[PDB]
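Engineer: First the structure, then my questions, so here it is.
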Amino acid sequence: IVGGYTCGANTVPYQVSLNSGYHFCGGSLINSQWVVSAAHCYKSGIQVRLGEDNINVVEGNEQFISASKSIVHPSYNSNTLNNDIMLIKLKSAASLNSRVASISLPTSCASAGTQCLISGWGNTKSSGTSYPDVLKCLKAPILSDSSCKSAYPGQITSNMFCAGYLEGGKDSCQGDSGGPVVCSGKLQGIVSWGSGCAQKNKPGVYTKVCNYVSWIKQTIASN
Ligand SMILES: [Ca+2]
């Protein structure tokens, strides 16, 4: 996250870190046994780390649970990043508490102008590299479809939306991928892509989660 703020320990209780020896992507806990992340975050050998603040210190609220199965969306396209979403099942159910909690799935899509909370352990510089140890947060609005398509001609599908600031300075970034965009208490987006980070006229592009709720529910029901 570029141009955000330190969230506070365990204030984003659905935020997960995907670990393969090191943090490499975010995710969102959606029930005791399932995490939603970005398909471009796929790899084998994932350990899900719940209850994190400092990803480099054991602080006492963590739960570390191996993935038993990963499911990339059937129509994910890694060239266009259309359908950039994946489900991870945990080998065991998380113990849910005030600091490890699921985030509600949307029943309706969000609209341009709605404020949202975006979070992660990604890069904090736009012309630089600096990775934080504690979780960073950004409040950002959803942008109109037309301004999104105008910023990124020929690239925005119906499964994407833009959020952030066209002036630049405030965005998600490398290492935030897969993590949450939560608006009025609902998981509306997944950190997906963008040209650089926090560049003028290049807002963040996010997977439109409301399009996938039927897929998520039926997948969970059969797995
Ligand atoms: Ca920790």
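Every chain in the structure tokens has a letter given in the order shown (A, B, ...), and although residue numbers restart at 1 in each chain, ligands are simply numbered from 1 in the order shown.
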List all protein, DNA and RNA residues that have any atom at most 9 Å from ligand 1, counting only C-alpha atoms and all ligand atoms, and write the list as number ranges by chain.
Structural biologist: A: 49-62, 133-134
Engineer: Could you write those residues out with N, CA and C atoms, as a JSON list (two decimals), in the first residue's frame?
Structural biologist:
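The resulting file, out02.json, is shown below:
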[["chain", "number", "residue", "atom", "x", "y", "z"],
["A", 49, "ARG", "N", -1.61, -17.64, 6.78],
["A", 49, "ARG", "CA", -1.31, -17.03, 8.07],
["A", 49, "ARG", "C", -2.39, -16.01, 8.43],
["A", 50, "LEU", "N", -3.14, -16.36, 9.46],
["A", 50, "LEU", "CA", -4.29, -15.61, 9.96],
["A", 50, "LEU", "C", -3.85, -14.91, 11.23],
["A", 51, "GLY", "N", -4.52, -13.83, 11.62],
["A", 51, "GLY", "CA", -4.23, -13.19, 12.88],
["A", 51, "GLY", "C", -2.88, -12.45, 12.88],
["A", 52, "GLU", "N", -2.37, -12.11, 11.68],
["A", 52, "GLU", "CA", -1.10, -11.40, 11.56],
["A", 52, "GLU", "C", -1.26, -9.88, 11.71],
["A", 53, "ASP", "N", -0.21, -9.31, 12.38],
["A", 53, "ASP", "CA", 0.16, -7.91, 12.22],
["A", 53, "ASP", "C", 1.58, -7.86, 11.66],
["A", 54, "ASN", "N", 2.57, -7.97, 12.53],
["A", 54, "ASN", "CA", 3.93, -8.03, 12.05],
["A", 54, "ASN", "C", 4.16, -9.43, 11.50],
["A", 55, "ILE", "N", 4.44, -9.52, 10.19],
["A", 55, "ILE", "CA", 4.60, -10.80, 9.51],
["A", 55, "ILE", "C", 5.99, -11.39, 9.79],
["A", 56, "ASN", "N", 6.83, -10.65, 10.53],
["A", 56, "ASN", "CA", 8.17, -11.13, 10.83],
["A", 56, "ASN", "C", 8.35, -11.39, 12.32],
["A", 57, "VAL", "N", 7.31, -11.18, 13.15],
["A", 57, "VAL", "CA", 7.40, -11.44, 14.59],
["A", 57, "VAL", "C", 6.18, -12.25, 15.01],
["A", 58, "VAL", "N", 6.36, -13.27, 15.85],
["A", 58, "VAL", "CA", 5.22, -13.96, 16.46],
["A", 58, "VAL", "C", 4.73, -13.15, 17.66],
["A", 59, "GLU", "N", 3.50, -12.61, 17.55],
["A", 59, "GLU", "CA", 2.97, -11.64, 18.49],
["A", 59, "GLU", "C", 1.87, -12.24, 19.35],
["A", 60, "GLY", "N", 1.33, -13.41, 18.99],
["A", 60, "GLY", "CA", 0.49, -14.14, 19.92],
["A", 60, "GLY", "C", -0.94, -14.38, 19.43],
["A", 61, "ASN", "N", -1.35, -13.84, 18.27],
["A", 61, "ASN", "CA", -2.71, -14.05, 17.79],
["A", 61, "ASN", "C", -2.74, -14.82, 16.47],
["A", 62, "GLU", "N", -1.60, -15.31, 16.01],
["A", 62, "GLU", "CA", -1.54, -15.98, 14.72],
["A", 62, "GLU", "C", -2.21, -17.36, 14.77],
["A", 133, "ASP", "N", 6.55, -4.40, 7.69],
["A", 133, "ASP", "CA", 6.35, -5.59, 8.49],
["A", 133, "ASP", "C", 4.92, -5.66, 9.05],
["A", 134, "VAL", "N", 4.29, -4.52, 9.33],
["A", 134, "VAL", "CA", 2.93, -4.48, 9.83],
["A", 134, "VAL", "C", 1.92, -4.11, 8.74]]
Engineer: Could you give me, as an mmCIF file with N, CA and C atoms, in the first residue's frame, the residues within 12 Å of residue 64 (chain A), counting only C-alpha atoms and dropping anything in the same chain fewer than 6 positions from it?
Structural biologist:
data_model
loop_
_atom_site.group_PDB
_atom_site.id
_atom_site.type_symbol
_atom_site.label_atom_id
_atom_site.label_comp_id
_atom_site.auth_asym_id
_atom_site.auth_seq_id
_atom_site.Cartn_x
_atom_site.Cartn_y
_atom_site.Cartn_z
ATOM 1 N N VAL A 16 -5.570 -12.066 5.490
ATOM 2 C CA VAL A 16 -4.607 -13.146 5.630
ATOM 3 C C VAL A 16 -3.344 -12.819 4.825
ATOM 4 N N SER A 17 -2.258 -13.469 5.265
ATOM 5 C CA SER A 17 -1.020 -13.502 4.515
ATOM 6 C C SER A 17 -0.794 -14.896 3.952
ATOM 7 N N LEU A 18 -0.518 -14.992 2.650
ATOM 8 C CA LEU A 18 -0.152 -16.235 1.991
ATOM 9 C C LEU A 18 1.378 -16.338 2.051
ATOM 10 N N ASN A 19 1.861 -17.459 2.601
ATOM 11 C CA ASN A 19 3.266 -17.658 2.932
ATOM 12 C C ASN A 19 3.723 -18.946 2.232
ATOM 13 N N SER A 20 4.849 -18.841 1.508
ATOM 14 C CA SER A 20 5.551 -19.985 0.919
ATOM 15 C C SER A 20 7.031 -19.938 1.299
ATOM 16 N N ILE A 46 1.311 -23.479 -0.175
ATOM 17 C CA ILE A 46 0.853 -22.294 0.538
ATOM 18 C C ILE A 46 0.560 -22.687 1.979
ATOM 19 N N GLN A 47 1.074 -21.863 2.916
ATOM 20 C CA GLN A 47 0.584 -21.795 4.283
ATOM 21 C C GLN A 47 -0.198 -20.505 4.473
ATOM 22 N N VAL A 48 -1.420 -20.606 4.976
ATOM 23 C CA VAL A 48 -2.230 -19.422 5.247
ATOM 24 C C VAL A 48 -1.925 -18.932 6.653
ATOM 25 N N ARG A 49 -1.613 -17.641 6.783
ATOM 26 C CA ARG A 49 -1.306 -17.027 8.072
ATOM 27 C C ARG A 49 -2.386 -16.009 8.431
ATOM 28 N N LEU A 50 -3.144 -16.357 9.459
ATOM 29 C CA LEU A 50 -4.286 -15.609 9.957
ATOM 30 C C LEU A 50 -3.847 -14.910 11.227
ATOM 31 N N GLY A 51 -4.523 -13.828 11.616
ATOM 32 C CA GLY A 51 -4.227 -13.191 12.880
ATOM 33 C C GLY A 51 -2.875 -12.451 12.881
ATOM 34 N N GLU A 52 -2.372 -12.113 11.681
ATOM 35 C CA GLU A 52 -1.100 -11.397 11.565
ATOM 36 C C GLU A 52 -1.259 -9.876 11.710
ATOM 37 N N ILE A 55 4.438 -9.521 10.194
ATOM 38 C CA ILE A 55 4.605 -10.803 9.508
ATOM 39 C C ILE A 55 5.988 -11.389 9.787
ATOM 40 N N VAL A 58 6.363 -13.271 15.847
ATOM 41 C CA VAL A 58 5.222 -13.964 16.463
ATOM 42 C C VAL A 58 4.728 -13.150 17.659
ATOM 43 N N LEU A 90 -8.557 -24.548 3.742
ATOM 44 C CA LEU A 90 -7.630 -24.813 4.835
ATOM 45 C C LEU A 90 -7.698 -26.272 5.276
ATOM 46 N N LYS A 91 -6.549 -26.845 5.647
ATOM 47 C CA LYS A 91 -6.519 -28.237 6.097
ATOM 48 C C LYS A 91 -7.373 -28.453 7.344
ATOM 49 N N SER A 92 -7.468 -27.417 8.191
ATOM 50 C CA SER A 92 -8.290 -27.454 9.383
ATOM 51 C C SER A 92 -9.039 -26.132 9.482
ATOM 52 N N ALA A 93 -10.159 -26.095 10.195
ATOM 53 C CA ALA A 93 -10.905 -24.867 10.382
ATOM 54 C C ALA A 93 -10.140 -23.931 11.308
ATOM 55 N N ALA A 94 -10.046 -22.659 10.922
ATOM 56 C CA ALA A 94 -9.613 -21.612 11.825
ATOM 57 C C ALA A 94 -10.520 -21.513 13.047
ATOM 58 N N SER A 95 -9.912 -21.123 14.188
ATOM 59 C CA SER A 95 -10.665 -20.715 15.373
ATOM 60 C C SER A 95 -11.021 -19.243 15.263
ATOM 61 N N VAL A 100 -9.540 -12.914 14.387
ATOM 62 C CA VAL A 100 -9.560 -13.781 13.222
ATOM 63 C C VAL A 100 -11.024 -14.011 12.908
#
Engineer: I'd like the contact shell of residue 173 (chain A) - 9 Å cut-off, only C-alpha atoms, skipping same-chain residues fewer than 5 positions apart - returned as a ChimeraX atom specification.
Structural biologist: /A:1-2,120,122-126,191,193-194,196-198,204
Engineer: Only N, CA and C atoms, please: the residues just picked out, written as a CSV table (one decimal), in the first residue's frame.
Structural biologist:
chain,number,residue,atom,x,y,z
A,1,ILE,N,0.9,-1.2,0.0
A,1,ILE,CA,0.0,0.0,0.0
A,1,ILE,C,0.9,1.2,0.0
A,2,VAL,N,0.7,2.1,-1.0
A,2,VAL,CA,1.4,3.4,-1.1
A,2,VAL,C,0.4,4.5,-0.6
A,120,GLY,N,-2.9,-4.5,3.1
A,120,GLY,CA,-1.9,-5.5,2.7
A,120,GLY,C,-0.5,-5.1,3.2
A,122,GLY,N,2.1,-5.1,1.0
A,122,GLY,CA,2.8,-4.8,-0.2
A,122,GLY,C,3.7,-3.5,-0.1
A,123,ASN,N,4.4,-3.3,-1.2
A,123,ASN,CA,5.3,-2.2,-1.3
A,123,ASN,C,4.6,-0.9,-0.9
A,124,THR,N,5.4,0.0,-0.2
A,124,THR,CA,4.8,1.3,0.2
A,124,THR,C,5.4,2.4,-0.6
A,125,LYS,N,6.3,2.2,-1.6
A,125,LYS,CA,6.8,3.3,-2.4
A,125,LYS,C,6.4,3.1,-3.9
A,126,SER,N,6.2,4.2,-4.6
A,126,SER,CA,5.8,4.2,-6.0
A,126,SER,C,7.0,4.3,-6.9
A,191,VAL,N,-7.4,-7.3,-4.7
A,191,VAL,CA,-6.3,-6.6,-5.3
A,191,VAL,C,-5.7,-7.4,-6.5
A,193,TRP,N,-4.4,-5.7,-10.2
A,193,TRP,CA,-3.4,-5.2,-11.1
A,193,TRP,C,-3.4,-3.7,-11.2
A,194,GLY,N,-2.5,-3.1,-11.9
A,194,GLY,CA,-2.4,-1.7,-12.2
A,194,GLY,C,-1.1,-1.4,-12.8
A,196,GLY,N,2.2,0.2,-12.7
A,196,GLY,CA,3.0,0.7,-11.6
A,196,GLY,C,2.1,0.8,-10.3
A,197,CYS,N,2.4,1.7,-9.4
A,197,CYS,CA,1.6,1.9,-8.2
A,197,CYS,C,1.5,3.4,-8.0
A,198,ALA,N,0.3,3.8,-7.8
A,198,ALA,CA,0.0,5.2,-7.3
A,198,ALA,C,0.5,6.2,-8.4
A,204,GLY,N,-5.8,1.7,-9.2
A,204,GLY,CA,-5.8,0.2,-9.0
A,204,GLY,C,-7.0,-0.4,-9.7
Engineer: For the helix (DSSP H, G or I) assignment from backbone DSSP, which residues of region 92-166 of chain A qualify? Please present them as JSON, numbers by chain.
Structural biologist: {"A": [145, 146, 147, 148, 149, 150, 151]}
Engineer: Would you save the residues from that selection as a compact mmCIF listing (two decimals), in the first residue's frame, using N, CA, C and O atoms?
Structural biologist:
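The resulting result31.txt:
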# COMPACT_ATOMS: atom_id res chain seq x y z
N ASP A 145 -17.06 3.20 -14.00
CA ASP A 145 -16.69 2.32 -15.09
C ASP A 145 -16.05 3.14 -16.19
O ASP A 145 -15.03 2.73 -16.73
N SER A 146 -16.63 4.30 -16.54
CA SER A 146 -16.09 5.04 -17.67
C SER A 146 -14.70 5.60 -17.37
O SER A 146 -13.84 5.55 -18.27
N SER A 147 -14.45 6.07 -16.14
CA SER A 147 -13.12 6.60 -15.85
C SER A 147 -12.12 5.44 -15.79
O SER A 147 -10.97 5.58 -16.20
N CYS A 148 -12.58 4.28 -15.32
CA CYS A 148 -11.75 3.08 -15.30
C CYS A 148 -11.31 2.67 -16.71
O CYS A 148 -10.13 2.47 -16.95
N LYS A 149 -12.25 2.60 -17.64
CA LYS A 149 -11.98 2.21 -19.02
C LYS A 149 -11.14 3.28 -19.71
O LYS A 149 -10.30 2.96 -20.56
N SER A 150 -11.35 4.56 -19.35
CA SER A 150 -10.57 5.65 -19.93
C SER A 150 -9.12 5.59 -19.49
O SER A 150 -8.23 5.89 -20.27
N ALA A 151 -8.88 5.22 -18.23
CA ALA A 151 -7.52 5.08 -17.74
C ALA A 151 -6.77 3.91 -18.39
O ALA A 151 -5.55 3.95 -18.53
Engineer: A:135, A:219, A:97, A:162: which is nearest residue 72 (chain A), counting only C-alpha atoms?
Structural biologist: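 Checking each of A:135, A:219, A:97, A:162 against residue 72 (chain A), counting only C-alpha atoms, the winner is A:219.
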Engineer: Mind the document's chain letters and residue numbers, and return as a VMD selection string the residues of region 34-118 of chain A that DSSP labels strand (DSSP E).
Structural biologist: chain A and resid 34 to 37 47 to 50 63 to 72 86 to 90 115 to 118
Engineer: I'd like to know which of A:79, A:207, A:199, A:144 is closest to residue 180 (chain A), using only C-alpha atoms.
Structural biologist: A:207
Engineer: Using only C-alpha atoms, which protein or nucleic acid residues come within 6 Å of residue 7 (chain A)? Drop anything in the same chain fewer than 2 positions from it, and give the result as an MDAnalysis selection string.
Structural biologist: chainID A and resid 5 135:137
Engineer: Using only C-alpha atoms, which residue out of A:223, A:6, A:31, A:127 lies closest to residue 101 (chain A)?
Structural biologist: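 Selected residue with least distance to residue 101 (chain A): A:31.
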Engineer: Let me make sure I understand: among A:157, A:68, A:104, A:119, which one has the smallest atom-to-atom distance to residue 188 (chain A) if we use only C-alpha atoms?
Structural biologist: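 Smallest distance to residue 188 (chain A) is found for A:104.
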Engineer: Neighbours of residue 78 (chain A) within 9 Å (only C-alpha atoms; same-chain residues fewer than 3 positions away dropped), as JSON, numbers by chain?
Structural biologist: {"A": [39, 40, 81, 82, 83, 84]}
Engineer: Keeping only C-alpha atoms, write the selected residues as a short mmCIF file (atom, residue, chain, number, x, y, z; two decimals), in the first residue's frame.
Structural biologist:
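Result file is again06.cif:
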data_model
loop_
_atom_site.label_atom_id
_atom_site.label_comp_id
_atom_site.auth_asym_id
_atom_site.auth_seq_id
_atom_site.Cartn_x
_atom_site.Cartn_y
_atom_site.Cartn_z
CA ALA A 39 -5.63 -16.42 -9.20
CA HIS A 40 -2.36 -14.74 -10.17
CA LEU A 81 -6.14 -11.15 -15.74
CA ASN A 82 -9.85 -11.61 -16.45
CA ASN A 83 -11.44 -13.66 -13.63
CA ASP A 84 -8.52 -13.01 -11.26
#
Engineer: Could you check the closest approach to residue 108 (chain A) for each of A:221, A:205, A:183, A:142 and tell me which residue wins, using only C-alpha atoms?
Structural biologist: A:183
Engineer: Could you give me, as a ChimeraX atom specification, the residues within 9 Å of residue 143 (chain A), counting only C-alpha atoms and dropping anything in the same chain fewer than 4 positions from it?
Structural biologist: /A:111-114,147-148,161-165,203
Engineer: Generate a file of the selected residues that holds N, CA and C atoms, formatted as a PDB file, in the first residue's frame.
Structural biologist:
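Okay, this is what ended up in again_34.pdb:
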ATOM      1  N   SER A 111     -21.168   0.425  -5.943  1.00  0.00           N
ATOM      2  CA  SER A 111     -21.262   1.498  -6.920  1.00  0.00           C
ATOM      3  C   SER A 111     -20.076   2.464  -6.803  1.00  0.00           C
ATOM      4  N   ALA A 112     -19.755   3.103  -7.931  1.00  0.00           N
ATOM      5  CA  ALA A 112     -18.839   4.235  -7.934  1.00  0.00           C
ATOM      6  C   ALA A 112     -19.197   5.216  -6.814  1.00  0.00           C
ATOM      7  N   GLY A 113     -18.157   5.690  -6.112  1.00  0.00           N
ATOM      8  CA  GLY A 113     -18.280   6.689  -5.070  1.00  0.00           C
ATOM      9  C   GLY A 113     -18.235   6.089  -3.675  1.00  0.00           C
ATOM     10  N   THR A 114     -18.588   4.808  -3.545  1.00  0.00           N
ATOM     11  CA  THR A 114     -18.551   4.142  -2.248  1.00  0.00           C
ATOM     12  C   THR A 114     -17.101   4.110  -1.753  1.00  0.00           C
ATOM     13  N   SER A 147     -14.447   6.065 -16.138  1.00  0.00           N
ATOM     14  CA  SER A 147     -13.124   6.595 -15.854  1.00  0.00           C
ATOM     15  C   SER A 147     -12.124   5.441 -15.789  1.00  0.00           C
ATOM     16  N   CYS A 148     -12.584   4.276 -15.318  1.00  0.00           N
ATOM     17  CA  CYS A 148     -11.749   3.083 -15.298  1.00  0.00           C
ATOM     18  C   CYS A 148     -11.307   2.674 -16.706  1.00  0.00           C
ATOM     19  N   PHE A 161     -13.098  -3.640 -11.572  1.00  0.00           N
ATOM     20  CA  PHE A 161     -13.404  -2.232 -11.338  1.00  0.00           C
ATOM     21  C   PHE A 161     -12.148  -1.536 -10.834  1.00  0.00           C
ATOM     22  N   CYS A 162     -12.149  -0.207 -10.956  1.00  0.00           N
ATOM     23  CA  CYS A 162     -11.050   0.625 -10.518  1.00  0.00           C
ATOM     24  C   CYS A 162     -11.444   1.247  -9.188  1.00  0.00           C
ATOM     25  N   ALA A 163     -10.454   1.369  -8.315  1.00  0.00           N
ATOM     26  CA  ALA A 163     -10.623   2.183  -7.111  1.00  0.00           C
ATOM     27  C   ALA A 163      -9.340   2.896  -6.763  1.00  0.00           C
ATOM     28  N   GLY A 164      -9.464   4.060  -6.128  1.00  0.00           N
ATOM     29  CA  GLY A 164      -8.326   4.896  -5.798  1.00  0.00           C
ATOM     30  C   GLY A 164      -8.510   6.342  -6.244  1.00  0.00           C
ATOM     31  N   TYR A 165      -7.386   6.918  -6.670  1.00  0.00           N
ATOM     32  CA  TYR A 165      -7.273   8.351  -6.866  1.00  0.00           C
ATOM     33  C   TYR A 165      -6.565   8.606  -8.188  1.00  0.00           C
ATOM     34  N   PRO A 203      -5.161   4.146 -11.796  1.00  0.00           N
ATOM     35  CA  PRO A 203      -5.677   3.668 -10.519  1.00  0.00           C
ATOM     36  C   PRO A 203      -5.537   2.151 -10.395  1.00  0.00           C
TER      37      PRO A 203
END
Engineer: Rank nothing, just name the residue among A:4, A:186, A:74, A:117 nearest to residue 170 (chain A), using only C-alpha atoms.
Structural biologist: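 The answer is A:4, which sits nearest to residue 170 (chain A).
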Engineer: Would you mind listing what lies within 8 Å of residue 28 (chain A) as a VMD selection string, with only C-alpha atoms counted and same-chain residues fewer than 2 positions away left out?
Structural biologist: chain A and resid 14 to 16 26 30 35 to 37 102 to 103 178 to 180
Engineer: Would you mind exporting the chosen residues as a short mmCIF file (atom, residue, chain, number, x, y, z; two decimals), in the first residue's frame, restricted to N, CA and C atoms?
Structural biologist:
data_model
loop_
_atom_site.label_atom_id
_atom_site.label_comp_id
_atom_site.auth_asym_id
_atom_site.auth_seq_id
_atom_site.Cartn_x
_atom_site.Cartn_y
_atom_site.Cartn_z
N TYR A 14 -10.12 -10.29 8.93
CA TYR A 14 -10.25 -11.16 7.78
C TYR A 14 -9.02 -11.16 6.86
N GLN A 15 -8.08 -10.22 7.06
CA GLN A 15 -6.85 -10.17 6.29
C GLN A 15 -5.94 -11.37 6.57
N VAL A 16 -5.57 -12.07 5.49
CA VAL A 16 -4.61 -13.15 5.63
C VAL A 16 -3.34 -12.82 4.83
N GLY A 26 -1.76 -11.35 -0.36
CA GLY A 26 -2.85 -11.31 0.60
C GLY A 26 -3.97 -12.27 0.22
N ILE A 30 -13.22 -16.07 4.40
CA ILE A 30 -14.65 -15.89 4.10
C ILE A 30 -15.49 -16.88 4.90
N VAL A 35 -10.47 -19.32 2.13
CA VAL A 35 -9.88 -18.02 1.81
C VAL A 35 -10.09 -17.71 0.33
N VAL A 36 -10.39 -16.44 0.03
CA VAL A 36 -10.43 -15.92 -1.34
C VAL A 36 -9.17 -15.11 -1.61
N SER A 37 -8.55 -15.37 -2.77
CA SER A 37 -7.39 -14.57 -3.15
C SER A 37 -7.43 -14.33 -4.65
N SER A 102 -14.27 -13.89 9.64
CA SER A 102 -14.60 -13.94 8.23
C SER A 102 -15.19 -12.59 7.83
N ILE A 103 -15.09 -12.28 6.53
CA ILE A 103 -15.71 -11.10 5.94
C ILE A 103 -16.89 -11.60 5.10
N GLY A 178 -4.22 -10.07 -4.19
CA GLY A 178 -5.01 -11.14 -3.58
C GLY A 178 -5.81 -10.69 -2.36
N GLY A 179 -5.43 -9.53 -1.83
CA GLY A 179 -5.98 -9.04 -0.57
C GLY A 179 -7.31 -8.31 -0.78
N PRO A 180 -7.93 -7.85 0.32
CA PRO A 180 -9.31 -7.37 0.32
C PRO A 180 -9.51 -5.92 -0.07
#
